[PDB]
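Asks: File follows, work-v1.pdb with PDB, N, CA and C atoms and all ligand atoms:
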```pdb
ATOM      1  N   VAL F 126      82.406 107.297  96.088
ATOM      2  CA  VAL F 126      83.531 107.849  96.806
ATOM      3  C   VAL F 126      84.720 107.853  95.871
ATOM      4  N   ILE F 127      85.382 109.005  95.792
ATOM      5  CA  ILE F 127      86.519 109.215  94.909
ATOM      6  C   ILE F 127      87.769 109.291  95.763
ATOM      7  N   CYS F 128      88.800 108.567  95.343
ATOM      8  CA  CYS F 128      90.067 108.595  96.056
ATOM      9  C   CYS F 128      90.734 109.960  95.902
ATOM     10  N   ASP F 129      91.104 110.568  97.025
ATOM     11  CA  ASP F 129      91.817 111.849  96.990
ATOM     12  C   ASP F 129      93.270 111.702  96.551
ATOM     13  N   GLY F 130      93.810 110.482  96.565
ATOM     14  CA  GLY F 130      95.124 110.190  96.031
ATOM     15  C   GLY F 130      95.232 110.099  94.524
ATOM     16  N   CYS F 131      94.330 109.367  93.886
ATOM     17  CA  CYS F 131      94.447 109.055  92.473
ATOM     18  C   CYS F 131      93.227 109.434  91.636
ATOM     19  N   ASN F 132      92.162 109.942  92.234
ATOM     20  CA  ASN F 132      90.943 110.307  91.507
ATOM     21  C   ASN F 132      90.158 109.100  90.993
ATOM     22  N   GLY F 133      90.458 107.916  91.489
ATOM     23  CA  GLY F 133      89.760 106.710  91.101
ATOM     24  C   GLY F 133      88.684 106.374  92.106
ATOM     25  N   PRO F 134      87.975 105.271  91.903
ATOM     26  CA  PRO F 134      86.914 104.894  92.842
ATOM     27  C   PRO F 134      87.494 104.303  94.119
ATOM     28  N   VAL F 135      86.719 104.394  95.195
ATOM     29  CA  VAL F 135      87.045 103.708  96.446
ATOM     30  C   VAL F 135      86.011 102.610  96.599
ATOM     31  N   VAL F 136      86.393 101.424  96.151
ATOM     32  CA  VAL F 136      85.560 100.229  96.163
ATOM     33  C   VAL F 136      86.185  99.262  97.152
ATOM     34  N   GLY F 137      85.351  98.635  97.967
ATOM     35  CA  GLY F 137      85.871  97.730  98.973
ATOM     36  C   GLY F 137      86.283  98.523 100.192
ATOM     37  N   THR F 138      87.500  98.293 100.680
ATOM     38  CA  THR F 138      87.910  98.936 101.919
ATOM     39  C   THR F 138      88.218 100.393 101.651
ATOM     40  N   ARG F 139      87.687 101.252 102.506
ATOM     41  CA  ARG F 139      87.861 102.690 102.411
ATOM     42  C   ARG F 139      88.784 103.110 103.540
ATOM     43  N   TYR F 140      89.782 103.918 103.226
ATOM     44  CA  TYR F 140      90.703 104.443 104.227
ATOM     45  C   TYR F 140      90.418 105.927 104.387
ATOM     46  N   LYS F 141      89.777 106.287 105.489
ATOM     47  CA  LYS F 141      89.440 107.673 105.778
ATOM     48  C   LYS F 141      90.369 108.299 106.812
ATOM     49  N   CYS F 142      91.000 109.400 106.450
ATOM     50  CA  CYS F 142      91.835 110.101 107.396
ATOM     51  C   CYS F 142      91.026 110.588 108.593
ATOM     52  N   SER F 143      91.599 110.389 109.778
ATOM     53  CA  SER F 143      90.997 110.839 111.023
ATOM     54  C   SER F 143      91.402 112.252 111.404
ATOM     55  N   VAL F 144      92.324 112.864 110.666
ATOM     56  CA  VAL F 144      92.812 114.228 110.938
ATOM     57  C   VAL F 144      92.231 115.234 109.949
ATOM     58  N   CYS F 145      92.366 114.947 108.668
ATOM     59  CA  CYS F 145      91.936 115.853 107.634
ATOM     60  C   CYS F 145      90.418 115.856 107.503
ATOM     61  N   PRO F 146      89.836 116.942 107.014
ATOM     62  CA  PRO F 146      88.427 116.883 106.622
ATOM     63  C   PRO F 146      88.325 116.128 105.302
ATOM     64  N   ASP F 147      87.375 115.212 105.221
ATOM     65  CA  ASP F 147      86.937 114.654 103.944
ATOM     66  C   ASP F 147      88.104 114.152 103.071
ATOM     67  N   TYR F 148      89.005 113.330 103.640
ATOM     68  CA  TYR F 148      90.125 112.764 102.878
ATOM     69  C   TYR F 148      90.042 111.239 102.857
ATOM     70  N   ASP F 149      89.848 110.659 101.673
ATOM     71  CA  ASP F 149      89.618 109.225 101.510
ATOM     72  C   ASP F 149      90.685 108.634 100.608
ATOM     73  N   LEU F 150      91.132 107.412 100.912
ATOM     74  CA  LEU F 150      92.066 106.711 100.040
ATOM     75  C   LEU F 150      91.543 105.338  99.633
ATOM     76  N   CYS F 151      91.808 104.976  98.387
ATOM     77  CA  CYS F 151      91.596 103.617  97.923
ATOM     78  C   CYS F 151      92.726 102.707  98.395
ATOM     79  N   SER F 152      92.513 101.404  98.234
ATOM     80  CA  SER F 152      93.479 100.445  98.745
ATOM     81  C   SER F 152      94.812 100.485  98.016
ATOM     82  N   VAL F 153      94.832 100.884  96.744
ATOM     83  CA  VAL F 153      96.100 100.961  96.030
ATOM     84  C   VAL F 153      96.935 102.119  96.571
ATOM     85  N   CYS F 154      96.317 103.314  96.670
ATOM     86  CA  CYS F 154      97.004 104.474  97.214
ATOM     87  C   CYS F 154      97.426 104.259  98.667
ATOM     88  N   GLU F 155      96.554 103.653  99.487
ATOM     89  CA  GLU F 155      96.931 103.355 100.861
ATOM     90  C   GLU F 155      98.144 102.442 100.883
ATOM     91  N   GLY F 156      98.128 101.391 100.063
ATOM     92  CA  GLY F 156      99.220 100.432 100.068
ATOM     93  C   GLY F 156     100.523 100.999  99.562
ATOM     94  N   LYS F 157     100.465 102.087  98.795
ATOM     95  CA  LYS F 157     101.659 102.772  98.329
ATOM     96  C   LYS F 157     102.169 103.810  99.304
ATOM     97  N   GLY F 158     101.516 103.957 100.447
ATOM     98  CA  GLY F 158     102.013 104.842 101.476
ATOM     99  C   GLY F 158     101.702 106.304 101.274
ATOM    100  N   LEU F 159     100.741 106.641 100.415
ATOM    101  CA  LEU F 159     100.310 108.026 100.291
ATOM    102  C   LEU F 159      99.661 108.461 101.599
ATOM    103  N   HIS F 160      99.940 109.695 102.017
ATOM    104  CA  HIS F 160      99.271 110.240 103.190
ATOM    105  C   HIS F 160      99.488 109.341 104.408
ATOM    106  N   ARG F 161     100.692 108.764 104.547
ATOM    107  CA  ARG F 161     100.907 107.803 105.627
ATOM    108  C   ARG F 161     101.111 108.450 107.000
ATOM    109  N   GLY F 162     101.420 109.737 107.071
ATOM    110  CA  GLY F 162     101.695 110.392 108.329
ATOM    111  C   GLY F 162     100.516 110.754 109.206
ATOM    112  N   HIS F 163      99.296 110.380 108.826
ATOM    113  CA  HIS F 163      98.084 110.592 109.608
ATOM    114  C   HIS F 163      97.420 109.257 109.931
ATOM    115  N   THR F 164      96.829 109.168 111.123
ATOM    116  CA  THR F 164      95.983 108.038 111.474
ATOM    117  C   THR F 164      94.747 108.010 110.587
ATOM    118  N   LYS F 165      94.378 106.820 110.132
ATOM    119  CA  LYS F 165      93.188 106.630 109.320
ATOM    120  C   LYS F 165      92.339 105.517 109.905
ATOM    121  N   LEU F 166      91.057 105.523 109.575
ATOM    122  CA  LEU F 166      90.212 104.360 109.811
ATOM    123  C   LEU F 166      90.065 103.587 108.514
ATOM    124  N   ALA F 167      90.133 102.265 108.606
ATOM    125  CA  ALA F 167      89.928 101.363 107.479
ATOM    126  C   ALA F 167      88.602 100.673 107.706
ATOM    127  N   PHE F 168      87.637 100.914 106.840
ATOM    128  CA  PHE F 168      86.433 100.162 107.091
ATOM    129  C   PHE F 168      85.960  99.442 105.842
ATOM    130  N   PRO F 169      85.349  98.280 106.023
ATOM    131  CA  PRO F 169      84.890  97.466 104.902
ATOM    132  C   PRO F 169      83.801  98.220 104.167
TER     133      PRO F 169
HETATM  134 ZN    ZN Q   1      93.697 105.873  94.983
HETATM  135 ZN    ZN Q   2      95.119 113.450 106.689
END
```
Would you mind writing the file's structure down as structure tokens?
Replies:
Amino acid sequence: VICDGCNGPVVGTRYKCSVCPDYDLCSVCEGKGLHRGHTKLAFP
């Protein structure tokens, strides 16, 4: 899984947007508030 924020890996917790098709964030990008205006699921 590739982070749509930074093009890096999504290892550990994956943050998947519940609105967009196929939009995933890594924990660094999530913690920096990228794509914060949509509800996401965080799963281990
Ligand atoms: Zn990232
Ligand atoms: Zn989204």
Asks: Quick one: which residues end up in the PyMOL selection byres (((not hetatm)) within 7 of (chain Q and resi 1)) for this structure, as a PyMOL selection string?
Replies: chain F and resi 127-134+149-155
Asks: As an NGL selection string, please: the residues near residue 165 (chain F) (cut-off 7 Å, all atoms listed in the file, same-chain neighbours under 3 positions excluded).
Replies: :F and (140-144)
Asks: Evaluate the PyMOL selection byres (((chain F and resi 168) around 6) and not hetatm) against this structure - the residues, as an mmCIF file with N, CA and C atoms, in the coordinates of the input, please.
Replies:
```cif
data_model
loop_
_atom_site.group_PDB
_atom_site.id
_atom_site.type_symbol
_atom_site.label_atom_id
_atom_site.label_comp_id
_atom_site.auth_asym_id
_atom_site.auth_seq_id
_atom_site.Cartn_x
_atom_site.Cartn_y
_atom_site.Cartn_z
ATOM 1 N N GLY F 137 85.351 98.635 97.967
ATOM 2 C CA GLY F 137 85.871 97.730 98.973
ATOM 3 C C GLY F 137 86.283 98.523 100.192
ATOM 4 N N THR F 138 87.500 98.293 100.680
ATOM 5 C CA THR F 138 87.910 98.936 101.919
ATOM 6 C C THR F 138 88.218 100.393 101.651
ATOM 7 N N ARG F 139 87.687 101.252 102.506
ATOM 8 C CA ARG F 139 87.861 102.690 102.411
ATOM 9 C C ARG F 139 88.784 103.110 103.540
ATOM 10 N N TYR F 140 89.782 103.918 103.226
ATOM 11 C CA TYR F 140 90.703 104.443 104.227
ATOM 12 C C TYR F 140 90.418 105.927 104.387
ATOM 13 N N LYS F 141 89.777 106.287 105.489
ATOM 14 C CA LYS F 141 89.440 107.673 105.778
ATOM 15 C C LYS F 141 90.369 108.299 106.812
ATOM 16 N N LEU F 166 91.057 105.523 109.575
ATOM 17 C CA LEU F 166 90.212 104.360 109.811
ATOM 18 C C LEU F 166 90.065 103.587 108.514
ATOM 19 N N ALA F 167 90.133 102.265 108.606
ATOM 20 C CA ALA F 167 89.928 101.363 107.479
ATOM 21 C C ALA F 167 88.602 100.673 107.706
ATOM 22 N N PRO F 169 85.349 98.280 106.023
ATOM 23 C CA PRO F 169 84.890 97.466 104.902
ATOM 24 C C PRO F 169 83.801 98.220 104.167
#
```
Asks: Of the residues F:136, F:126, F:145, F:161, which is the one nearest to ligand ZN 2 (chain Q), using all atoms listed in the file?
Replies: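 Closest to ligand ZN 2 (chain Q) of all the choices is F:145.
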Asks: Would you please extract all helix (DSSP H, G or I) residues from chain F, as assigned by DSSP on the backbone, and give them as a list in words?
Replies: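 Here are the helix (DSSP H, G or I) residues of chain F: residues 152, 153, 154, 155 and 156 of chain F.
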Asks: Would you mind reading off the distance between atom N of residue 162 (chain F) and atom ZN of ligand ZN 2 (chain Q), one decimal, in Å?
Replies: 7.3 Å
Asks: Quick check for you: according to DSSP on this backbone, which residues of chain F are classed as strand (DSSP E)? Reply as JSON, numbers by chain.
Replies: {"F": [139, 140, 141, 142, 149, 150, 165, 166, 167, 168]}
Asks: Report, in Å with one decimal, the straight-line distance from atom N of residue 148 (chain F) to atom C of residue 164 (chain F).
Replies: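 Spanning atom N of residue 148 (chain F) to atom C of residue 164 (chain F) is a straight-line distance of 10.5 Å.
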Asks: Just how far from CA of residue 163 (chain F) is atom ZN of ligand ZN 2 (chain Q), in Å to one decimal?
Replies: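 Separation of atom ZN of ligand ZN 2 (chain Q) and CA of residue 163 (chain F): 5.0 Å.
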